[PDB]
């Protein structure tokens, strides 16, 4: 369809629209450029003074982001954890046989020299270092990302978890709304610390300080939600990863899948840098994000919902996608799984159920794509009363779903 | 299914997703490595002063866990243990013959360096040792195993029994909200003490101080819930462990059963280290939990629910499992049991009663019910649906994310 | 909604467009394992004429 023409006067129109580049960048195609990830905190100001600096800063005022980072590195220099195996990611070989590494065995540099107050601060604070302060300092990042009234529920998390034979109270004054400690999310260094801490304790799960993960955990697979719904779609359909792939029926959902599965990205690998691609600054734009995989995210989450997913109901409904087309695809998929139970005898006493055995129009026995596409073709490509009912049965009795979710989308579509 | 290829251009895609670590850890495999459970009682100095340290530390919002540990050790020297026969678990010989063993016949060691207040605290309290103080201290653990207003309706349990043959009352400061004695369960050495206590009085039910289990019992089979639901299902169906097993109809419920039934783990033995696999630090990821057995937990508890179980109502509904397939399975099982009543004559007066299209099968046999399910083109019958309807309608206030709420939504419409 | 336009004609046109796209779902097997559904076979026009295009 290169040439379109106005039929009334035989003249040629050339239909075109505004371009939208915004390309994505992969973790691997960064280590092809630099073999290390810098962390700048040039502050050789004593640990005990940094301790006091931030304490009164947090109590009330302009807590410097330079200050908190400097403290954290010093407070977390605990060269803990014996490598049990080997630790290699993207060529970088940090961990050997039985080597004792730490956080900041990532890679680390020093920049600038300007600071706020004078050397010896206020010697009021005891240790309370490795004890609680970092858990607070790191815990605030997670609280910073939210904007909904969950901030108070996630600040209860902070305070209640910080009582590990420590018992204190609050610290800042004004409630959230992105302004106070949310400045930190935009610091290249602060996020890299958050990531290194998560990575490190994800390796050494058993470790007396792995409690630092609460709050440092939301950096893991940060804006890689599309990948997460692919995992989730598998566990709900109970199908293999490849068998789920074959049920993808829309061009733009295939596209996104190809993009999400591009090789050499270590996405399936145990302890890789991949899950921390954003906060380590390995990538400016995630190829695994929901905003770059909207067709897939909607399809998968819809399908999961009709299958009684509890989480899917609150997933966001993305704009600029082929709703009607994506939903019919989902229904069929959901209907196939949802009506064909796996159900086979597993254990016996020498007495097994032999399975030996409506030939015209009737839903196919198994859960095979080619079987179903042919059956649907027979229903001239339009969903039956039964499968339209199946969708209704599933969505009715869903209560209190927020707007712009796939939950409200699904109910409003199938509950008539 | 090794290879997938995009049909539009004939290129191979390789579908893959992020990994899950956390393998299970078995209590047997612990005694493969070590041959002992080390209890680190750090300080060993003055029993009388410790009695003072605790009370004072309990009246205000500050008391060391090291100090209450060292106190428990000193106060509980019930070397009174007249063995009935023998006692052996996981290759470890705990006792034999008619030996009088003690509570701490489970390997004791010394630890670090630091202690809080000066030597002689307050010589105020006496003879309160082998009476109530342990019973109280130990009681606070199961009080720490909560988050909702259950605590203030479970600290009653405390003062009430902390009064039987002792008469003592109110002592705590801050009510709750993860602050007070709710941190004690974090101490590796504290939990080990509670475990050693419950394990001891489980062998010696008829001892003077059997009361002490009133807070230490919640340790027994901790994080081994899926194993219990298997027991509950048996009691509820009236069927044997063998038979129940055959009614498992999904691959993932099979794996999880297989992983729960590994042969060298003393799970059915009377007095073992297994039921305290967590608090003794034997395992850090129980194989018998309902997080490692999500499929089985749902299945078992849903079937229970249709069979009129009261406890099934509030069971938690796991994420990332095949709801639809599992639900069908549970429905068929529950339907079989719930329309094939055992019903046989039990007693007589010389006068017995011998028992011998597209209608539900005779007995409770899986092969038979599967064949009947086949004949119904693999979809649940409208009578089956009414059965589950009846079983769920008129269920009162049920909370969110339970299999109770799940079942009513699914079957009552 | 702007003024001074032909609502009736514009909407009946917009309905017809919406109806067409909305009833003719894309749907086509994208990935496979060496086993692909091929859609045409004798694909005629549903129930006589007046059937959905």
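One-based numbering along the chain as shown.
Header lists the method as X-ray crystallography, 2.9 Å.
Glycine is no exception: its Cβ is also placed from the backbone N, Cα and C atoms.
The RNA binding site annotation in Swiss-Prot covers A:142, A:151, A:205, A:213, A:285, A:316, A:402 and is backed by experimental evidence.
Residue A:285 (RNA binding site) carries neither a helix nor a strand DSSP state and counts as coil. Residue A:402 (RNA binding site) carries neither a helix nor a strand DSSP state and counts as coil.
Cβ neighbours of residue A:285 (RNA binding site) (same chain, under 8 Å, six or more residues apart in sequence): A:22, A:23, A:24, A:25, A:292.
The maximal spread of the RNA binding site, taken as the longest Cα to Cα distance among A:142, A:151, A:205, A:213, A:285, A:316, A:402, is 36 Å. Of the listed binding-site residues A:142, A:151, A:213, A:316, A:402, the Cβ environment within 10 Å is emptiest of other Cβ atoms at A:402. Around the Cβ of residue A:205 (RNA binding site), the number of neighbouring Cβ atoms within 10 Å comes to 12.
Secondary structure from DSSP puts residue A:316 (RNA binding site) in a beta strand. According to DSSP, residue A:142 (RNA binding site) is assigned to a helical segment.
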